[PDB]
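Breakdown of the fold
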Amino acid sequence: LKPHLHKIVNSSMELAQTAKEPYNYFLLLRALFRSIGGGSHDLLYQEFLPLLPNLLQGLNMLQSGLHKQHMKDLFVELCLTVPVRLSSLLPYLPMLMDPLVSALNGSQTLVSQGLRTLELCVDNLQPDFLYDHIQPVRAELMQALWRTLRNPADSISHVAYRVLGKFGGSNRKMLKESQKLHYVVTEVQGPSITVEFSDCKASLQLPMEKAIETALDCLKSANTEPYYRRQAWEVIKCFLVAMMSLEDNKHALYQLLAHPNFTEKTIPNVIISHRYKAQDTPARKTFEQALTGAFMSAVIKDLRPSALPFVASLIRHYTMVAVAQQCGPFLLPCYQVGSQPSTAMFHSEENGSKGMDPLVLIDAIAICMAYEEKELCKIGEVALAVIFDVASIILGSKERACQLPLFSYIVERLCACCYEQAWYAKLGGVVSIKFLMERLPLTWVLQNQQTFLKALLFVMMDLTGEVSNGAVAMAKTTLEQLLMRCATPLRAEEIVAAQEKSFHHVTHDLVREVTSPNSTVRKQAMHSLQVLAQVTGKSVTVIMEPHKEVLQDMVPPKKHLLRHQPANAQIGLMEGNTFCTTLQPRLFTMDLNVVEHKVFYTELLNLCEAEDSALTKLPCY
Amino acid sequence: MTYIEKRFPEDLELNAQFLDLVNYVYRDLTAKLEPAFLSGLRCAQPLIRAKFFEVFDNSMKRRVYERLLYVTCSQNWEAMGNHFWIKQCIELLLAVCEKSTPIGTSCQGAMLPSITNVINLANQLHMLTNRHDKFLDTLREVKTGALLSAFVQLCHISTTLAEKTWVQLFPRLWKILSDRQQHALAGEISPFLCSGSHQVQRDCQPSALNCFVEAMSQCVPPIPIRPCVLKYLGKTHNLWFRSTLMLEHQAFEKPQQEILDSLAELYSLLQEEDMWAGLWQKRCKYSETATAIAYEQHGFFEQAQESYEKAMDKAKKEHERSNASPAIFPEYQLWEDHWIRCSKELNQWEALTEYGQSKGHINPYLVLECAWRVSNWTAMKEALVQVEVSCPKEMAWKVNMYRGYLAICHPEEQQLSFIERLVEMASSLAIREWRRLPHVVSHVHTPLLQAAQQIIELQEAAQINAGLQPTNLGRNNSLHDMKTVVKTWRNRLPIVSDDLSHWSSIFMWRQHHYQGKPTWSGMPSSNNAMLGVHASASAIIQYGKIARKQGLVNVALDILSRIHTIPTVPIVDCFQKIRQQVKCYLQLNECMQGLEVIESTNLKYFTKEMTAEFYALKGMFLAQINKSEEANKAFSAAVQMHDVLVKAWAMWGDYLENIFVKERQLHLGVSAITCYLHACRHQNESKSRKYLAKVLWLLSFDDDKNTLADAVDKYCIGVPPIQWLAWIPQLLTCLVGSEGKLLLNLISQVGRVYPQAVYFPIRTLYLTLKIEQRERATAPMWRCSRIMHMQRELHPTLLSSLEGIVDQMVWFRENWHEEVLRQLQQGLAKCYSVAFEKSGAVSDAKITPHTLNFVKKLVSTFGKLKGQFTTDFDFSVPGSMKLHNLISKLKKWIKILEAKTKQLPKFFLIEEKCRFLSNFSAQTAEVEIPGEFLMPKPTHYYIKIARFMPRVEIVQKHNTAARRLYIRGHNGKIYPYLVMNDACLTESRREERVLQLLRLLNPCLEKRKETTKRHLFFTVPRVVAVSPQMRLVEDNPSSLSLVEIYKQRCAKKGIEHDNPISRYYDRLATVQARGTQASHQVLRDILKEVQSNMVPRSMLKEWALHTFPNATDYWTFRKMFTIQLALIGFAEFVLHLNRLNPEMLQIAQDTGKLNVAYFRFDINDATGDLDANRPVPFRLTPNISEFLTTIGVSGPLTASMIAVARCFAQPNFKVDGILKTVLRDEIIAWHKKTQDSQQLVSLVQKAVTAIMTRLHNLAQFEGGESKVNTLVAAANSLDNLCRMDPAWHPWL
Amino acid sequence: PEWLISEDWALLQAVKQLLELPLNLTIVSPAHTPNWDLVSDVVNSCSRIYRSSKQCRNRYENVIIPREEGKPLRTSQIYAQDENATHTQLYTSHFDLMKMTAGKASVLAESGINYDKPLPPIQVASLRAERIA
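Structure determination for this PDB entry is given in the record as cryo-EM, at a resolution of 3.4 Å.

Readers searching the PDB will find this entry under the title "TRRAP module of the human TIP60 complex".

1. Section: the nonpolar core
Core analysis: the biggest nonpolar cluster contains 641 residues, and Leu-240 of chain A together with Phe-170 of chain B have the highest contact counts within it. With 14 residues, helix α54 (residues 1111–1134) of chain B is the single largest residue contributor to this core. Once you skip the residues sitting within four places of it in the chain, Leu-240 of chain A turns out to touch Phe-287, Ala-290, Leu-291, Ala-294, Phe-310, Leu-314 and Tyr-318 of chain A. Counting residues in each nonpolar core, the second largest holds 41 residues, with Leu-824, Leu-828, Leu-886 and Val-1090 of chain B among its members.

2. Re the pairing of strand β3 (residues 960–969) of chain B
Residues and elements named next belong to chain B. Most of β3 sits out of view: ten of its ten residues are buried. Here β3 shows no split at all, with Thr-960, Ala-962, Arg-964, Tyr-966 and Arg-968 on one side and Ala-961, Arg-963, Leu-965, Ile-967 and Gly-969 on the other all buried. Looking at chain direction, strand β2 (residues 945–957) and β3 are connected through nine bridges and run antiparallel. Bridging across to β3, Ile-954 finds its partner in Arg-963. If you look at the hairpin formed by β2 and β3, you'll find two residues sitting between the two strands, and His-958 has a positive phi there, around 30 degrees. Note that β3 and strand β4 (residues 974–981) share six bridges and pair antiparallel.

3. Describing the packing of helix α20 (residues 423–439) of chain A against helix α23 (residues 472–487) of chain A
Residue and element names in this part refer to chain A. Two elements in contact, α20 and α23, have axes separated by 10 Å at closest approach and are oriented at 25 degrees. Between α20 and α23, the crossing angle belongs to the class labelled roughly parallel. Our pair here, α20 against α23, has a crossing hand that is left-handed. On the side of α20, the interface is formed by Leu-427, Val-430, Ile-433, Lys-434, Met-437 and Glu-438, while α23 contributes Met-474, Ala-475, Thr-478, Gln-481, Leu-482 and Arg-485. Split by residue class, the contact of α20 with α23 holds seven nonpolar, two polar and three charged.

4. Examining the packing of aromatic side chains
Under the definition given, this model contains 71 aromatic pairs over all chains. Seen in terms of ring centroids, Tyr-267 of chain B and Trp-1115 of chain B are 5.5 Å apart; in terms of plane orientation they differ by 50 degrees. Their pairing is tilted. Relative accessible area serves as the criterion here: at 0%, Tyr-267 of chain B is assigned to the buried category. Directly above the ring of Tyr-131 of chain A sits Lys-173 of chain A, whose terminal nitrogen or CZ lies 4.9 Å from the centroid. Between the NZ or CZ atom of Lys-857 of chain B and the centre of the ring of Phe-854 of chain B, over which it lies, the distance is 4.1 Å.

Each value, and the rule that gives it
Residues numbered from 1 in each chain as written, not as in the entry; some residues may be left out. Chains lettered and ligands numbered in written order. Part of a larger assembly, values for the part shown. Heavy atoms only, no water. Core = buried A, V, L, I, M, F, W, Y, C linked by side-chain atoms within 4.5 Å. Buried < 20%, exposed > 50% of the residue type's maximum accessible area, 1.4 Å probe, protein only. Helix = DSSP H or I, 4+ residues; strand = E, 2+ residues; numbered from the N terminus. Contact = heavy atoms within 4.5 Å. Pairing = 2+ DSSP bridges. Axes fitted to C-alpha atoms, helices over the stretch in contact; angles between N-to-C directions. Parallel < 35°, antiparallel > 145°, perpendicular 65-115°, else oblique. Left-handed = near helix turned anticlockwise from the far one by under 90°. Nonpolar A, V, L, I, M, F, W, Y, C, P; charged D, E, K, R; others polar. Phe/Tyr/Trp six-rings, centres within 6.5 Å; stacked < 30°, edge-to-face > 60°. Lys NZ or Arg CZ within 6 Å of the ring centre and 35° of its normal.

Listed below in structure tokens is the structure:
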């Protein structure tokens, strides 16, 4: 096994990033470490040493990031338990410490694993050296050591207490970072439910902040018994039908929604945005938490029969509220023709909407998308269709319902999921882009064409590290379809103008990204033009011709001293130059005689001809 | 039922349901089946639970009052001790509601509006609307009983919900009860709390009583609870801080002393000695007790012990003539308890053991602790047996250990075979109590963490004796079991903050084995006797080493006197003895004795390295006394003998500098510079800033021919550049000034290794000089450029990334709306400050020339069409005649723009408007977190940049809007940085200066005990500036300034935060208009009336109470708040800093840390007078004091200020060097602003000597309380407050 | 183990915070379950040696119950009569115990050092470099 032992680990780590299901790749290492660990420790241990820097740095990066609970539990386990004895691990010890604090939190088997590694490290590293390496993490490590004493498992506590004793005085040394305290920022009454007794017919208002959160936590939990799941659903349901005011019926409702004007008048062009959302006040925070509880209670079996007909009928209600609040007939003043995305459209404690805003539904839908358990995307995707369906029916036309100000928030909020650091949160965004693209009118997609393009590129750019359980692979496909959906030639003047304008903007962004240092986004930007070159009859250079202003100062590198940029950018400048020139129309003829071209051409030459290490190994290199 | 439950916990379904059928038999007495019926109420199967509930629900009236009595009095909760039985109580009461009424909610504001509600504010469709009405029709059928049934069930599975429900429930339904019912209910509640049924529930963490007692406290009509029981409940049910907090409240407002006794004991139990001390100083009858406590509170246990003994005899004279005066007994008990404590800290273990076993009134507990420390085991065994019978408390963990001590060090012959159970039993028992302590670890937790170190030592101590047994003695494995464990002990020590008594515990216990070890080797080529004696010799020296570090020198001499008894010591250990002995005399006719030991020792034998250190001590000791010329040769011989001893080099330099400061002898200065730099050479990182500070300080005396600088340049080699990182701003101030070309050879070496550390400062300086020059390349600018030039050649990738980051920074500057509003806020503050200066004179006053330029500059940037035509019209002239009329105009325009900026975006993504930051990644370039190099941290501990989070939030800072961009370090943590953009670069640089000082002083606090014992540090934020204008400040969210607290509750109130200042001036004008000048009394009147009408005394307490509902969180936040304000208060006074305006103090809600918003030295513009003598020495104010008055101000604050002041007073910490260097740079900046040579020395030297005057004046300890008590009393005295600037918000 | 008088009054008052004379005459109408730990806690405020909860109950049920019943002076009446003299006598005796306890250079020449003449650091610094050479 000594031969191609590096290939197993080196490939496993790099493959795990791109692969859709990395869990097997990391489980492979866990199997490897157990087998090698304590069973074959003559040559593999020596053969393992070269792997330690990248491997520990790798594994350290993964646990530092945020993945699914079961995934994270494995990661902290791999950072520890490596088949390297006490010695030869000290140089990389700082990288191991961050897992150690993580281990002391979480699963019991991890806590014991964390103490087990900490226990041995305490005895063999002499206090002064070990404590120094604990300084970066001591603020949270010690608080974890103190906390684990209170844990119920006696074996965990006794071991935790023993190590604290071994930490002679360091266990009680003053902490630069004090223990974080729990403070309530909002001094307002949260959501409550009227309760009346027979005693002098007096009434109370028992707060529901914990109950709704507690009920939701039960639905999140993967091992709550079915009875309490049903009760959790009942608490959430009974609360929603409490905050939701039932003050309309049939004739009163029909006349408002059968009105002229809002079915014929131009829909007001108001842009919503959570940029101006002051803060999630406790009601809105609870209301959003209550809704995501309703959405989750719909997906899980043995509760869908009484939930899906509820959430489905509830989603239709909120959209009817949103439309009636921001459509032709009356609309609140915050949605008038020339208004701006003020805070009046979000619930707030000083200038809210004097009543919960319907947009909290979109927040609940977005949070369901970003939930780690991706099964919730399906129920959320149902909601997006339902609000669109009600909007189409109530406004009398598809493209009209899409012009509604509500969808300006949906595109913004769901796209925001692509800017979260968790891969699952990002994947929730990309899936949302795919759904909206394929179920919405072409012209509207053109209106939000660029917004999706930028978000998709960010997901790919952001995930150059451990990519995902298949996100960029999903992002690239969605990006490809997005250009194909929009760039496909048609036929009315209105649509033609939008496509010509939208196509103009998108190519501007793609050309800008040709030379970008990020390899993942760069190559796709290179490839995204190719699909455009095929979708339409226009040649690649004809597509890139108008936006020469962008790349103009780089294809010819403008003698930007070719050391003041890192290696990654130098690849982008060279790769962008290669792609730009290689096109058979060959934009930006790189004439040697012209200045700042001979320089670039000579530099890449000397770079290639550099034979020895010293000349090849420059400070940038 | 008793047997079935325990044996088979999975088949109770058949039985549990059976007892439900027994409900019929009870009516048709078998009452003894209650402890199974109650176990059926909890169960785990929901179906059975409801079946048992119906009989329980049936058996009582459907009245809220009756059920409350039933839960309190009628019911017994003993049967279900392990359960959190409050769940049933929540279920019991929630079952009395009206389950039929349709669901609703009082908070109509939060309800989602109905579809048709928009009207009131003024085919596919019909099927949908018709279909929808059915859905709404179903909702109308939901009844509140549906929620309560599900609500109640949800509690049973989640204690956290149950715990929060009862606290939110009982006070709410407590209102429902009529005042008659509440009266009777309160009568039953008091006996209920102290009932014995809850006794079973002490161990379980969320104790049912803990949640119950927490709930009642919120009841709006206060429920009277005896202080005696409140102490008990706090002690047992982990309810510590709610009891003390609740006890404090009544103690403040309200035979009225039983409260203090209960409160006093709890503070002692919590080990909050400083808070405990404050309480007793207020109530102590005898003046002796206050003197004793004040001494004991800080150390000097020699004085405190005597002050107690003085009190007792004087009290003894009282007894023979007077009666008992029952109230005095707790005071007498205090002296006996604390005279013993001080006796322990004094190492008077022999006397205590003799005292403890007196003829009568024996004290077995006292004998237990002290008897074993001396070898009097026979007394130990006797004491242990008679205390085991009454081992009453947590001590059980302590008692169990002492069995091991007797087991190991048996009076005749040990067994050490069953000890494993003993140590394990004690360890488990110790953890048991730990579970009973508060949530946040604090001083109350110290004994357990303090003990954990010694409980383990007992276990591995048994391993020592096991090896000594002849059965396994002499074996190599056992011998190496002896060696390693002894080595482990030598490196595992407590911290200096630990009381010397515990330090004895670790070492006295270790001493026994260091004496058992020689015995086995005394039987043979057995050198292990040398190892054993070496251990005891080193251990006793180490144990006595701290006694000096603690300030108890006299006992330290005694401990170092013990080693003489041991027959032989390794010569290396004896060198520590003399070094520790000579150090002891150095810290205190004492010269003769010190000179006796130094001369007598080392008659003819020692090695080179140890001789030098010894001879080094001679010079420093000689230097103290007048005889000094002999010290020089003592250093010369010492330094040159070893030539690599930092102490010789450093101490020698101090002598040369001490002489050279007078007579300005140039050749001596280079002698001082050479010594200092060489000392810092071998020394790495810390413990060299003190020496470097001198080198930079002495560099100011350099003449035109830069001899000292040449001396620096010649000998600044070898000193690793890391040591310089602390002095980058000081170096740059030298580089920009004259003779910089000499230092440029040094900075280039510092930058060559830490490019990010110098580039950001150097970039600021060069760009700062350029703008300075452009106002009207120069050599200083050329010097800065040369550093960057070469510094770009190396790490070219890193520098490009840095500049790229700064280039993108320009996009974070606030828009015009915020920019102008910032000018208004700045202008208004200056007008108020100018306005106060013009007070007393005509209140109308006149607009100052400086104010005109700002307003004239304001219209220039303003002159937005709708606003424009109004502002220019309103500001028809840049201030017409009246200053106090102008502020009204600004305030109106403050409100206009403040609302205007309220609608501005709170978000804007990085990828938008700036691409480099978003495209930045770890592989782009290794760049450390901004401000990482501000302090040369010795260890690696450097966090790279990995990703600029794509979202930046726009936030308000005191009087400006700043962009907060979140960084993600390579470690995965998120560091929120706040991009501060500001003009007036000269002021900004000064603000960083004081922060450098506070960062330089922080290591000072750690070393000593009386400061480390209180967790004292300056929490200086990390600020690195990259511009002449903008800078990055490490802002942690949730930190809101004190003034913002006033606005928050002011906004809730029906007033505006600026009403106090306006009322102060207009009220002053009315009296001034009549003709009478502003007298002192009228200043008190306006302050008093404002404090009683618009700014209530309890403003800050109200916010803290509502923001920290959890008791444990409130106290710790208050304690940390009080401690931090002490350092701020001390720093604002001793360092002669700018006054602490309300907007300056930044309170961190998450941790309680207070960091002042950019302090700065208060130097007179005309001259470097350094005038900081405003009426109140430091901000104490009513509201802040109201947070802490009775104890917090007295005990913690006064003690905290004294502890810090004494810490800096230590001659060992060369604060003179630190202040002189930093101030020198400050003075240079002052000179440039006001418009070199030795005249600089006069300003800085006179300034520092002014600072040390305050430091020593308020640090010196007299025969009683220190001078701090006077100023803090003067700080909050209304006489000084009313005289302060109204903009300072003295009322606040 | 030394018995006191004021501690008996502490026992009485502590019991008055819960039940009645025959401790649980009926544990009072409701179930309040006397808490001897609390009674032991309060009595310790006026003592220097812990009165364990188990032993605290025995003293109440052994001597206090008969003495309180009477039908010697009542425990309330002895305490007033004593004038707290015993307790003062106790601390006065303790104070005496504490007070009574409270009563108790040619080596340099052999190393090449010309100790008579100091060497300025400049020469010493230069001398240091030479040894490196």
